Amino acid sequence: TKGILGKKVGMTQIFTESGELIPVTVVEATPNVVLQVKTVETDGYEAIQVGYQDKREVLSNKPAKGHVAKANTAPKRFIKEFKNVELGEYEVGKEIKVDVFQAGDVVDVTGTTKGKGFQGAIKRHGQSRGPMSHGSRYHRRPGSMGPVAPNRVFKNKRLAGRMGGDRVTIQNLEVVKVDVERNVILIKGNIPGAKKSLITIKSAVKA
Amino acid sequence: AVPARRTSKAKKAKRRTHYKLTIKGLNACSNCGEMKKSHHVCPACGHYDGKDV
Amino acid sequence: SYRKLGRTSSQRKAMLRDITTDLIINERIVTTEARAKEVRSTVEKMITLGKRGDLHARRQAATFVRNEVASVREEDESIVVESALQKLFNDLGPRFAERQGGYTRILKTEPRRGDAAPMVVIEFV
Amino acid sequence: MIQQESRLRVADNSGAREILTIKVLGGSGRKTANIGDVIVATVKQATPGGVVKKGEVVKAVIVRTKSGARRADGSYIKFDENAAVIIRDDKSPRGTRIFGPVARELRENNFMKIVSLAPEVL
Amino acid sequence: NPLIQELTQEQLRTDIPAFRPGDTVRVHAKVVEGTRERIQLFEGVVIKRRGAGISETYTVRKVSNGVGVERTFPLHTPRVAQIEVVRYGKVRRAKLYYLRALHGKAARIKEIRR
RNA sequence: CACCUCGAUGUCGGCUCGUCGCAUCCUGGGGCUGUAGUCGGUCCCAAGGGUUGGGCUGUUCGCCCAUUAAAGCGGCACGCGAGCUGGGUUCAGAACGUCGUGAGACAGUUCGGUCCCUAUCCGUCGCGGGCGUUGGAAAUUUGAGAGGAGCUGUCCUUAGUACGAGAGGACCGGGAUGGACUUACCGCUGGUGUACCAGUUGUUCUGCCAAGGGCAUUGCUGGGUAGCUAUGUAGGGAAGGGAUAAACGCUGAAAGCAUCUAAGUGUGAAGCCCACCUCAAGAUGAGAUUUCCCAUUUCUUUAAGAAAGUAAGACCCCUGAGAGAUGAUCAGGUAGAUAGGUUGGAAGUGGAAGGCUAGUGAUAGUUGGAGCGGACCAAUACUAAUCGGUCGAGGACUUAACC
RNA sequence: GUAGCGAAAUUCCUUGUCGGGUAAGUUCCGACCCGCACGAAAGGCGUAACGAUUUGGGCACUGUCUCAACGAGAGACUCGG
RNA sequence: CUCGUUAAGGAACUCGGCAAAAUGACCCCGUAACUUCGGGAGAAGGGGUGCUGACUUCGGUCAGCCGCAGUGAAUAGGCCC
Ligand SMILES: [K+]
Ligand SMILES: [K+]
Ligand SMILES: [K+]
Ligand SMILES: [K+]
Ligand SMILES: [K+]
Ligand SMILES: [Mg+2]
Ligand SMILES: [Mg+2]
Ligand SMILES: [Mg+2]
Ligand SMILES: [Mg+2]
Ligand SMILES: [Mg+2]
Ligand SMILES: [Mg+2]
Ligand SMILES: [Mg+2]
Ligand SMILES: [Mg+2]
Ligand SMILES: [Mg+2]
Ligand SMILES: [Mg+2]
Ligand SMILES: [Mg+2]
Ligand SMILES: [Mg+2]
Ligand SMILES: [Mg+2]
Ligand SMILES: [Mg+2]
Ligand SMILES: [Mg+2]
Ligand SMILES: [Mg+2]
Ligand SMILES: [Mg+2]
Ligand SMILES: [Mg+2]
Ligand SMILES: [Mg+2]
Ligand SMILES: [Mg+2]
Ligand SMILES: [Mg+2]
Ligand SMILES: [Mg+2]
Ligand SMILES: [Mg+2]
Ligand SMILES: [Mg+2]
Ligand SMILES: [Mg+2]
Ligand SMILES: [Mg+2]
Ligand SMILES: [Mg+2]
Ligand SMILES: [Mg+2]
Ligand SMILES: [Zn+2]
């Protein structure tokens, strides 16, 4: 497998070797850097730790500089691990350019969703509003909590709370174009996240 | 609805843990030495960042 | 976005206009946090017009200002009655002709007694 | 976005003049239709000396809609009325001459005779 | 957005004239059957342009056979070979959505010659 | 039967939310057939998911219309009224029929008729603080374990092949596209957009003209930025394993044969454990890795001692949003673009004011896609994030190769 | 028990039968009359106008609904009393 | 909770069009069955309404102008069977 991680920019609207539009999301992938390589004999599993976005040193800290110093790079902001990849191909200090991907390949995209805040059950779970006339006093509410006999409410009864902030994949997307000069990927379709938010791109698990 | 049961002194005092108030941002004014909230004019001398006000 | 100040749209517009007029008059004012943080941008966008000086800007500012009386800078008896508009266009534009912004500063002060309202002083220069 | 109890004009000489959607076909809980979607309907207003007459239950095809159609290239068609064509079990029409324009979306759904009989196909 | 413009600059197009809402325009819209490619001329009045850069779309209204038709296109398609302006109408608006309710002699735009 | 409930027991139906069982409606597997093929009938296994919208009636039911792959049966106080309705229930009014000598009643019907509660505890959904995890801290993580999702039609091909005298009409396999459901998102379509723009009515105000302000639901009307968003866009439930159900067995004996079983061994389902996604080390059984600070002062004591300044670091405080009820999270704090403003632009509005020309004037044209321009973009330290303070380690014992 | 009315504010059986209206109508309209249990001042049959009367149908209209979405303001929310 | 907008549809909601929406002022035209000849009836249904000059014999009228829209906002019937 493979992958990178990058920053969401925004949406566009693109023509692909024909007049057929493709809506597109822009991911800026300033070249990721390997920092650590984990193996079974020391760490329990094969994996590779990666950093994306350079901090200022005043924002970083000593024990992070010490972790970056092996690869001989600058303090990174977002740090993540990639699993189920070849370790003989990758080394500490290696820079992962966007050239790794080929326009057209199928891809999976993780991101943290836009915070919607403390929301009701209707918006949070698609529940239906009660009637708004005919004497109804039941408009935006989640309904009964359950039967009588348990004398208790069953779990996963869906209610109001924080909507958003969750980690979400989108599978079976497609890479539309690459710009290594600009370090940009164009991905067919919407993806989870606010702008200036982290995204992880990976080769598809299903494909 | 109605309590159905009086709460105990214990259960009261266990609610009252986080009802306490904190007071914060106090430092000393470099001019007069008396204490002021940070990012606030010293009410005694009026100075802020070494300039009368 | 922008603040609301517990007032309706018209009410907050009128309160901003009144406070900005009073501020242009007095060159210094006591307010709360939020009112000040909005009046900041407001007065600075008025002094921009003051610097531009054209009649177009004069009318864009008369759209906003309450036509209060800033000062009777008298010489003989009562002649020189000066409005806040005249003050904006003949004292303050010439004052901040050279700054590229930053026509006010905010100073946090004692909270108010009756509310614990955090109080603030805005001042030119 | 054509629903049950939604009324439609008729775009052929079959005999009908106004139509009311009984149900949409396709699936179990389809609550909506657009161009190329077949309809089951009544006849609320018919031409007097018409084959198709008042009260008859009949299938139909939506040919133009206000909530219109979309193309791959972002080109979208829309209309100022919702109209339909009455058909038999086969995709062929009951009448013989279609009025007004028609969307291109029907050629994929194999209403080719209607596409031909229509004067303008957008 | 700067990056967006930099990316989309190449697929932006320059054969477009600076037309408006209110003005009549013919679109040489090419349609694709897989076996053939046919251009057809869709004439109409422009009710709106809207968008920025490459998200710019415009709609064109027509009255074919008593049925008002309304066709939106992206401005920067390769599947629109030419956009011929043929009248420069005068309106006091940008969105001519009032035309949907009118029919004919009231839906007529006043030409300028400029 | 009257054991519980008459110092309250709320009565049916519907709505919102669902959950469970399997005696399975569909999908899935299989045996038998009076199963030629398509359709089927019946029985065994299977509860993973799904199991429609309307007319009539207060109705459950039921009838009908029209679809569906299918329109399951039941339980959960005939689920759910401190969650909703109150149509139906003879509360009080009135009336028809009928009964009664009558006051009144129903062996019937009809019109109308007050549904109180600020959630203490558990419970549920979410968010924090404290402490712990045996020196203090910053990050990344395995993953026990939990949850979520689990559906399905139509068409094409194989093939008008097999089947069948014909009619009609296939398994198995590979493709195309939908439905409902759902995860995310706003570039497209549209919606909203109450500190955007323009037009416009009345009155009043800025002394008057002009230009503008206020009030009239944002005065009304026409648009519309960001953001929020579905009806809009993209995606999803894909292949595949392992062990099994029913069934099929292979070899094989008890029982010289036979036999799927007793040992031995194997096919075998939408089901189970994985595989897909998410949460997850409070998993007190508190894990693992990388990196950083180091092993100071005094007093008391052989004390895993006490306070009292600190390192790494964190916090207070402040500017704020991609976050947000408050906490929190995140971005920053002049080692600076965090916000405001300024300058540029963009969207959006749609041709500003002042002039001039023409015109009787209304008004039109030109200066000039002008001017305005909230939250959008990029620069720019002009203002504000000043000064500063607080907390926070020096690391127990036993035994293992010197451990 | 007459005229007149009649599944009716009266008809249980009964969602009576037939017709109309609807795709579909236990309601409604019109006829029939096996009037459980109409009927003549406890008035019968009819009746223009009238009715915050009851009932059903239609047109327009719309967030009633499909299926919810956004905005504003008061409260809820944080702080002070 | 009180308000405001809404794509497409438009009562499919519901016990039931409850509530909301729509109509709403003035001028002119025109107005059915039925009828106790009085009414029904503001039936219904339509059109017009702003500004500036000429024109009347003072209201009509003509021409031109502007807007999506002229009782431009507020106040004023939903109708029919
Ligand atoms: K219990
Ligand atoms: K009782
Ligand atoms: K209950
Ligand atoms: K009868
Ligand atoms: K009777
Ligand atoms: Mg309410
Ligand atoms: Mg107002
Ligand atoms: Mg009791
Ligand atoms: Mg069974
Ligand atoms: Mg219903
Ligand atoms: Mg009906
Ligand atoms: Mg019950
Ligand atoms: Mg009742
Ligand atoms: Mg009574
Ligand atoms: Mg008697
Ligand atoms: Mg009443
Ligand atoms: Mg409550
Ligand atoms: Mg969604
Ligand atoms: Mg959008
Ligand atoms: Mg946008
Ligand atoms: Mg004036
Ligand atoms: Mg006033
Ligand atoms: Mg007043
Ligand atoms: Mg097996
Ligand atoms: Mg009957
Ligand atoms: Mg008698
Ligand atoms: Mg009697
Ligand atoms: Mg008598
Ligand atoms: Mg009487
Ligand atoms: Mg609507
Ligand atoms: Mg209904
Ligand atoms: Mg009403
Ligand atoms: Mg008005
Ligand atoms: Zn001081």
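Residues numbered from 1 in each chain as written, not as in the entry; some residues may be left out. Chains lettered and ligands numbered in written order. Part of a larger assembly, values for the part shown. Heavy atoms only, no water.

- Structure determination for this PDB entry is given in the record as cryo-EM, at a resolution of 2.9 Å.

1. Observations concerning the protein's contact with RNA strand H
So, step 1. Around RNA strand H lies a shell of 15 residues, among which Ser133(A), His134(A), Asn82(D), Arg92(E) and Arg93(E) are the nearest.
So, step 2. Of all atoms in RNA strand H that approach within 4 Å of the protein, 56% are sugar or phosphate atoms.
So, step 3. With respect to RNA strand H, the side chain of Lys66(D) contributes an N or O atom lying 3.5 Å from a phosphate oxygen.
So, step 4. Within the contact set of RNA strand H, a phosphate oxygen lies 3.0 Å away from a side-chain nitrogen or oxygen of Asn82(D).
So, step 5. Tallied by class, the residues present in the surface near RNA strand H amount to two nonpolar, eight polar and five charged. (Near = heavy atom within 4 Å. Polar contact = N/O pair within 3.5 Å; in protein donor to acceptor, adjacent residues only side chain to side chain. Nonpolar A, V, L, I, M, F, W, Y, C, P; charged D, E, K, R; others polar.)

2. Here we look at the arrangement of the chains
So, step 1. The interface with the most contacts, out of four pairs of chains in contact, is the one formed by chains D and E.
So, step 2. Here chain C and chain D are not in contact; the least distance found between their C-alpha atoms is 33 Å.
So, step 3. When C-alpha atoms are compared, chain C and chain E, though not in contact, are closest at a spacing of 20 Å. (Contact = heavy atoms within 4.5 Å.)

3. Notes on a nonpolar patch on the surface
So, step 1. On the surface, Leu21(B), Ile23(B), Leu26(B) and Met35(B) cluster together into a nonpolar patch covering about 490 Å² of accessible area.
So, step 2. Structurally, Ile23(B) can be placed in the loop between α1 (9-15) and β1 (26-28). (Patch = residues over 30% accessible without salt bridge, like charges linked within 9 Å, V, L, I, M, F, W, Y side chains within 5 Å. Areas by Shrake-Rupley, 256 points an atom, 1.4 Å probe, with all protein chains shown as cover. Salt bridge = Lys/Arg side-chain N within 4 Å of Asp/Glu carboxyl O. Helix = DSSP H or I, 4+ residues; strand = E, 2+ residues; numbered from the N terminus.)

4. Description of the coordination of the zinc ion (ligand 34)
Residues and elements named next belong to chain B.
So, step 1. At this site the zinc ion (ligand 34) is bound by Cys29 (SG), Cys32 (SG), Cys42 (SG) and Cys45 (SG), with donor distances of 2.4 Å.
So, step 2. Relative to the metal, the four donor atoms surrounding the zinc ion (ligand 34) lie at angles of 94 to 127°, and the coordination shape comes out tetrahedral.
So, step 3. Here the donor residues of the zinc ion (ligand 34) share one chain and are spaced in sequence as C-x2-C-x9-C-x2-C.
So, step 4. Accessibility expressed as a relative area gives 1% for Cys42, which makes it buried. (Donors = N, O, S within 2.8 Å, 3.2 Å for Na, K, Ca; no water. Tetrahedral: all angles 85-135°; square planar, octahedral: opposite > 155°, others 65-115°. Buried < 20%, exposed > 50% of the residue type's maximum accessible area, 1.4 Å probe, protein only.)

5. A word on the protein's contact with RNA strand G
So, step 1. For RNA strand G, the set of nearby residues contains 28 residues, the closest of which are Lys123(A), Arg129(A), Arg140(A), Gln3(D) and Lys44(D).
So, step 2. Taken together, the sugar and phosphate atoms account for 73% of what RNA strand G places within 4 Å of the protein.
So, step 3. One nitrogen or oxygen atom from the side chain of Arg129(A) is found 2.7 Å from a phosphate oxygen belonging to RNA strand G.
So, step 4. Residue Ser133(A) places a side-chain N or O atom 3.5 Å away from a sugar or linking oxygen belonging to RNA strand G.
So, step 5. Only α3 (121-125) of chain A together with β3 (38-46) of chain D provide two or more residues apiece to the surface near RNA strand G.
So, step 6. Residue classes in the surface near RNA strand G are distributed as seven nonpolar, 10 polar and 11 charged.

6. Details of the UniProt feature "binding site: Zn(2+) 2" (unreviewed entry) in chain B
All names here are of chain B.
So, step 1. Within this numbering scheme, the UniProt entry marks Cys29, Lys36 and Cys45 as carrying the feature "binding site: Zn(2+) 2" (unreviewed entry). The named residues occupy 17 residues along the chain; their greatest pairwise C-alpha distance, 10.4 Å, places them in one compact cluster.
So, step 2. Structurally, the position occupied by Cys29 is in the loop between β1 and β2 (35-37).
So, step 3. Not counting residues up to four positions away in its chain, the partners in contact with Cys29 are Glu34, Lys36, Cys42 and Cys45.
So, step 4. Here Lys36 is to be found in strand β2.
So, step 5. The class of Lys36 is buried, set by a relative accessible area of 15%.
So, step 6. Non-local contacts of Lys36, meaning those with residues more than four positions away in its chain, are made with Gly25, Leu26, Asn27, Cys29, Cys42, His47 and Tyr48. (UniProt positions renumbered as here; feature names shortened; annotations may be inferred.)

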